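Heads up, the chain below is alone and in the form deposited in one PDB entry; it's given as structure tokens.
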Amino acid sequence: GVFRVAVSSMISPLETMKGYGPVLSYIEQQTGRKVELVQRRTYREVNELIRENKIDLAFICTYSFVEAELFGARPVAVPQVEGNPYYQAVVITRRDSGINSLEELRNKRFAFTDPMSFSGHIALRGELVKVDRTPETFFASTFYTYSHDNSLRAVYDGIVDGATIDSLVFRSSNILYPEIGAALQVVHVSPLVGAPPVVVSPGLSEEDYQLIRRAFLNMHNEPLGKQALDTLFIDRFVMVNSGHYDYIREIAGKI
């Protein structure tokens, strides 16, 4: 049968197939199966496809992964990104806002990305537990933009007073749009968490799982693999360290 790969449509609008094409061709070469790219706007919809075994493999975010493990999604590997980054949520405001801490965002307008994002939502929902508040009882209003870049744009435009986003996206955005970056500051950083793992559906065969794991873990030793890695700005895939997501598991329990 077809091997179905699921991603969010909101990471790279108009450029998803452009970015994933080479890794999909690699999976065709390593599996001998036709590969179909399945997009959804929300991480909840992607997780439902995994849960119902409607797809084989998914590139999901870190909080999605923590929920997906509970219904038997299995980790394949995690990207080791060029610069070997560390992953955290950053809270950004405008430098000219006079809002210089998370505390000073009480009764302000705040942007989240996707409800199932750690860096775009859950990191800050987890944090607010310490003061027995939720985003709804801490902020004057909240909005789910479904995009780290749009959240960043909304802070820049004064539509919201702050946002929580992926530190990787903030870094890349400062380089590509330095005039936007210069207007913004990080007022708060989350604890470190692992990179988002690639997962397979609970229904995928153990044989297909071992093939897929070997294909990912050896991708940097294959010519088409290197082209797939270059195109995604990943140096290689490495084994999952489950401990790297324990902070997310703990937050999720405090709800």
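Note that residue numbering follows the sequence shown and begins at 1. Under this definition, the rigid core comprises the largest set of C-alpha atoms superposing within 1.5 Å between the forms.
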| item | value |
| --- | --- |
| Which of 174-182 and 71-79 has higher mean CA B factor, as the PDB entry lists it | 174-182 |
| Residue stretch of maximal mean CA temperature factor, 124-132 vs 111-119 | 124-132 |
| Residue with maximal Cα B-factor (values as given in the PDB entry) among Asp166, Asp161, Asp157, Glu103 | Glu103 |
| Candidate set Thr93, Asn84, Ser147, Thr142 [ranked by C-alpha B-factor, highest] | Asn84 |
| Among modelled residues of the same chain, the CA temperature factor third for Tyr245 | lowest |
| Among modelled residues of the same chain, the CA temperature factor third for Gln210 | highest |
| CA B-factor placement of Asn47, once the chain's modelled residues are sorted into thirds | middle |
| Where the record places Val7 (Cα B-factor, split into thirds across the chain) | middle |
| Modelled-residue ranking by C-alpha temperature factor, third containing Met239 | highest |
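Just so it is clear, the following notes concern the form deposited in another entry, a form of the same protein that is not shown.
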property	result
Core fit, then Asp208 C-alpha moves 2 Å or more between the shown form and the other one	yes
Core-aligned C-alpha movement of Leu128 between the shown form and the other one reaching 2 Å	no
Displaced residue check between the shown form and the other one: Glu45, CA, 2 Å or over, core reference	no
Closer or farther: C-alpha pair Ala89/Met17 in that other deposited form, relative to this form, given a change of 3 Å or more	closer
Direction of C-alpha distance change in that other deposited form, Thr231 to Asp166 (at least 3 Å)	closer
